[PDB]
Amino acid sequence: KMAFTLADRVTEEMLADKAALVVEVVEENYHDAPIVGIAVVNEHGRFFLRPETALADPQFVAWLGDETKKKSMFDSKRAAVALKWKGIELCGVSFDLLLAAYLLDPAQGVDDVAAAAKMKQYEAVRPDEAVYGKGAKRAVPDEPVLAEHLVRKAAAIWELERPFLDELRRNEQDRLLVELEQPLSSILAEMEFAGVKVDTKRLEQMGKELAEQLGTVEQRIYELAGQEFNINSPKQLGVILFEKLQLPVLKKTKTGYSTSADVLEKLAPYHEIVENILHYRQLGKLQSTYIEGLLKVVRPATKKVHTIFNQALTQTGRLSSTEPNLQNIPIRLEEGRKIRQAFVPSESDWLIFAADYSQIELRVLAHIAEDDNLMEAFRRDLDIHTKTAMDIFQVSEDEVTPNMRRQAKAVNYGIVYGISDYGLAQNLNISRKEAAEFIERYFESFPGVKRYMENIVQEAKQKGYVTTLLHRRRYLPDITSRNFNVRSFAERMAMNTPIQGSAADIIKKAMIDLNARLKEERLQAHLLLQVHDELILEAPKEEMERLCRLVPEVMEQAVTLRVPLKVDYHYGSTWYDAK
DNA sequence: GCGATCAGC
DNA sequence: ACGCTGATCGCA
Ligand SMILES: Nc1nc2c(ncn2[C@H]2C[C@H](O)[C@@H](COP(=O)(O)NP(=O)(O)OP(=O)(O)O)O2)c(=O)[nH]1
Ligand SMILES: [Mn+2]
C-alpha cells in the first residue's frame, strides 16, 4: 500500500546526503541485540535492506559513518549502540523524532514512531506493538510485513521533521534539540557501549556473607516475634506487629497496615523487632537488587555492565538508568556502600574520577528567584545543608554529623518545593506548630523564593506550562483543576520542574562541553555514568592531575548564573574511593 | 500487573 | 500534605 524497493544490494541512490533511516532493533535492551531490518527513504525513493548484506556492504558502512550524510531517525541512540556492537559507527544524525517529541511534550510518553506521528495528525504508520505483538506472542513478522512497517516508519520520519522543527522553533526549543539533546544522544551511546567494569568476585563474596547474615537476623526476628512467619508477607507481618504485639497503627494502605520505614522507625520505642525488620529488609535489598541483579546483567567475558540511559522519559528532563539502574547504587549506609567498591576501572593503572555539583538546584533557585539572601549565601560558598542543620538541631558547624546534614537536605528541598507543616513535623519528629513556625522563619529569610513560588504558580495558570532555563517544557493542565488535591500536586510541580529541569539542562551541556574539551586535549578519559548532578569518568592515572583542573572548570562554566556553580571532585581506585 | 517499599540524586 | 526515578516482590 506504500511503494518501496525490496533491495537485494546497495545502490548509489540509497546513499544520498539526506535520508530518513530506520535500523530496527526490536529487543527492549538493545545491547548486543539483533538488527532485524533496515529502511531508507530519501529524494530517490523508499528502500528496504536486509541487514546481513547492507551491514557488510562497504559503501553502506561508510555512508553510515560519514557525518556529512545527514540522517533523520527515531531513537538514534538505540541504532548507534546496536551498530557499535556490530563494529559499525553511525554519524550524521541531524534529526531524532523521539527527542523532538520529548521536548515538545514529555507527557505524551512517545515510545514509537506512530505515537509521535499522531501528534501531527500523521497516521500512515502502525504502532510497533501492533506489528510485533506483546509478551510471549512477541515475534518478528515475515519480510513483506516487516519491510513495509520499517518503510512506513522511515517515510513518517521523512515527512515529520519539518513540522516538528517548526513547532520546536516556536517553543524556543530548536537549539535545545540540535545543540543539546542530539549531541548528548551520541555521548550517552558511547557511555552505554563502554560499560563499567565490575569486580564480580568481590560481589559474589558479599553475596555469601549477606545470605549468612540474613539468617541471623531472621532467627532473631522469629525469636522476638515468638513464632516463625513470612517476614516479607504483609499479611503475616501486620498480624505479628499490629495484632499479636498490638503495636499502634500509625498508617494504613489501600490493602492493610503500612509497614514503611517511616512507620517502623516511630515504632522503635515500642518493640525491638521493628528495627531488626528494617535491618532485615536492608540486607535483602542489597542481596536481591544489587548482588543478584548486578551479577545477572554483567557481561561474563568482559565483567562489564551496560546500562541504558533513557533520555526521553522523565517529566523534568532528567535521565533514567535501567537494567541495571546505575543511578541508585547504595552509598548512604556503610554496609551498602561497599557495593561501590565492586565498580572498578576497565583497565590496569586507570582510576575512577567523580565530580558533582554542590547544591545545584538551590543555586539554580537563587538565580531564578533572584533572592538577595540566597544569592549572597552562595556567593559566600556557604553550605546551606550544614547551615540548616545547625539551625534545626541547635548545634555548631563542627557538631553537624553527615546524618544531620542529610536530614537538613530534605528540609531545604522540602520547604522550597511546598512541604506542609504536617510533612515537616513528621520528617523531623517535631510538633506541627514548630514546623509551621520554622517554615515561616525560612521564608522571611528568603522572601524572594516565596515570591517566586507564588509567581511561577500563577504563570503556569496563564500559560498552561512551565519552562526551564534552556526552554525545556512541561505542561500542567491540572493546575486549574477544580479538585484541591489534584491542583495542589500540579502546583508543587510548577515549583519543582523549572528548578530540577534547569539543573538537568546544565549538566547535559556540561557533558557536551567536557567531551569536546577531552578530545581537544587528546585525553583517553571518557565518561561512564551520569547521576543527575554527578559525572563519573575513568582515565589512566597519568591523566588524573590534568582532570582535577579540567573537569571542575568545565562543569562550573557550563552556564553563567547570578551565583557561581561549585563542583566537588575526588578520584580513587574504585567508585567507592572516588568520594 | 499493581502497589507498597526502598535504593538513589 | 516537597520533587524526579527503577527494581523487587507478595498478592491485602
Ligand atoms: N525535591 C528533592 N530533590 C532532591 C532531594 N534530594 C536530592 N534531590 C535532588 C535535587 C538535586 O537535583 C540533587 C541534589 O542531590 P545531592 O547531590 O545528594 N545534595 P546536594 O548536591 O544539594 O549537596 P552535597 O552534594 O554537597 O551533599 O538531587 C530531595 O530530598 N528532595
Ligand atoms: Mn551534589
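What counts as what
- Residues numbered from 1 in each chain as written, not as in the entry; some residues may be left out.
- Chains lettered and ligands numbered in written order.
- Heavy atoms only, no water.
- Near = heavy atom within 4 Å.
- Polar contact = N/O pair within 3.5 Å; in protein donor to acceptor, adjacent residues only side chain to side chain.
- Helix = DSSP H or I, 4+ residues; strand = E, 2+ residues; numbered from the N terminus.
- Nonpolar A, V, L, I, M, F, W, Y, C, P; charged D, E, K, R; others polar.
- Donors = N, O, S within 2.8 Å, 3.2 Å for Na, K, Ca; no water.
- Buried < 20%, exposed > 50% of the residue type's maximum accessible area, 1.4 Å probe, protein only.
- Pairing = 2+ DSSP bridges.
- Areas by Shrake-Rupley, 256 points an atom, 1.4 Å probe, with all protein chains shown as cover.
- Domains from an automatic or database assignment.
- Contact = heavy atoms within 4.5 Å.
- Buried area = accessible area lost by both parts, 1.4 Å probe.
- Salt bridge = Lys/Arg side-chain N within 4 Å of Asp/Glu carboxyl O.

- Going by the header, the method for this PDB entry is X-ray crystallography, and the resolution given is 2.2500 Å.

## Considering the protein's contact with DNA strand B
- Taken together, 22 residues lie near DNA strand B, and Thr259, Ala261, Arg318, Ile331 and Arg332 sit nearest.
- Restricting the count to atoms of DNA strand B within 4 Å of the protein gives a sugar and phosphate share of 87%.
- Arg281 places a side-chain nitrogen or oxygen 2.9 Å from a phosphate oxygen of DNA strand B.
- At 2.8 Å, a backbone N or O of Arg332 approaches a phosphate oxygen of DNA strand B.
- Per-element accounting of the surface near DNA strand B gives the leading share, four residues, to helix α12 (residues 273-297).
- The class makeup of the residues in the surface near DNA strand B is six nonpolar, eight polar and eight charged.

## Brief notes about the coordination of the manganese ion (ligand 2)
- Note on the manganese ion (ligand 2): its protein donors are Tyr357 (O) and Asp533 (OD). The metal-donor distances range over 2.3 to 2.5 Å. Of this pair, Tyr357 sits in strand β12 (residues 350-357) while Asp533 sits in the loop between β15 (526-530) and β16 (534-540), placing them 176 residues apart in sequence.
- Using a relative accessible area of 26% as the deciding quantity, one classes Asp533 as partly exposed.

## Some thoughts on the protein's contact with DNA strand C
- Taken together, the neighbourhood of DNA strand C is formed by 38 residues, with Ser233, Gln315, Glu323, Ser420 and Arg492 sitting nearest.
- Among the atoms of DNA strand C close to the protein, meaning within 4 Å, 69% are from sugar or phosphate groups.
- Between a base oxygen of DNA strand C and a main-chain N or O atom of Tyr413, the distance comes to 3.2 Å.
- Looking at the surface near DNA strand C, the elements with two or more residues in it are α10 (234-244), α12, β10 (320-322), α17 (402-416), α18 (421-428) and α21 (484-520).

## Here's the deal with unusual backbone geometry
- Of note, the bond from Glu323 into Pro324 is cis; its omega dihedral lies within 30 degrees of zero at -5 degrees.
- Along the chain, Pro324 falls in the loop between β10 and α13 (334-337).
- Positive phi, close to 60 degrees, is recorded for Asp349, a residue that is not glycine.
- Mapped onto the secondary structure, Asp349 falls in the loop between β11 (343-344) and β12.
- Residue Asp349 is classed as exposed on the basis of its relative accessible area of 51%.
- One non-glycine residue, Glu370, adopts positive backbone phi at about 50 degrees.

## A few points about the sheet that holds strand β8 (residues 304-305)
- An order of β8-β7-β11 is seen for the three strands of this open sheet, with the pairing classed as antiparallel. Of all the strands in the sheet, just β8 and β11 have a single pairing partner and so form its edges.
- Relative to β8, strand β7 (residues 196-198) is paired through two bridges, and the arrangement is antiparallel. Pairing of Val196 across the sheet is with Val305, part of β8.

## Some points on the site of ligand 1
- Taken together, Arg318, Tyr357, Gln359, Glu361, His385, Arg405, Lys409, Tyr413, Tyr417, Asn496 and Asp533 make up the full set of residues near ligand 1.
- In the model, an oxygen atom of ligand 1 is placed 2.8 Å from a nitrogen or oxygen of the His385 side chain.
- Here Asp533 contributes a side-chain N or O atom positioned 2.7 Å from an oxygen atom of ligand 1.
- Burial of ligand 1 by the surrounding chains reaches 69%, relative to a free accessible area of 630 Å².
- Here the element with the most residues in the shell around ligand 1 is α17; it accounts for three residues.
- Here the shell around ligand 1 is built from residues that sort into three nonpolar, three polar and five charged.

## Notes on the domain arrangement of chain A
- As assigned here, chain A comprises domain 1 (1-193), domain 2 (194-308), domain 3 (309-359 + 504-578) and domain 4 (360-503).
- Inter-centroid distance (C-alpha atoms) of domain 1 to domain 2 is 43 Å.
- On the domain 2 side, the residues contacting the eleven residues of domain 1 number six residues.
- Roughly 640 Å² of surface becomes buried between domain 1 and domain 2 when both sides are summed, with 50% attributable to carbon and sulfur atoms.
- Contact with domain 2 buries area across many residues of domain 1, yet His31, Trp85 and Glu192 alone supply 49% of it, more than any other trio.
- The interface formed by domain 1 and domain 2 holds one salt bridge in total.

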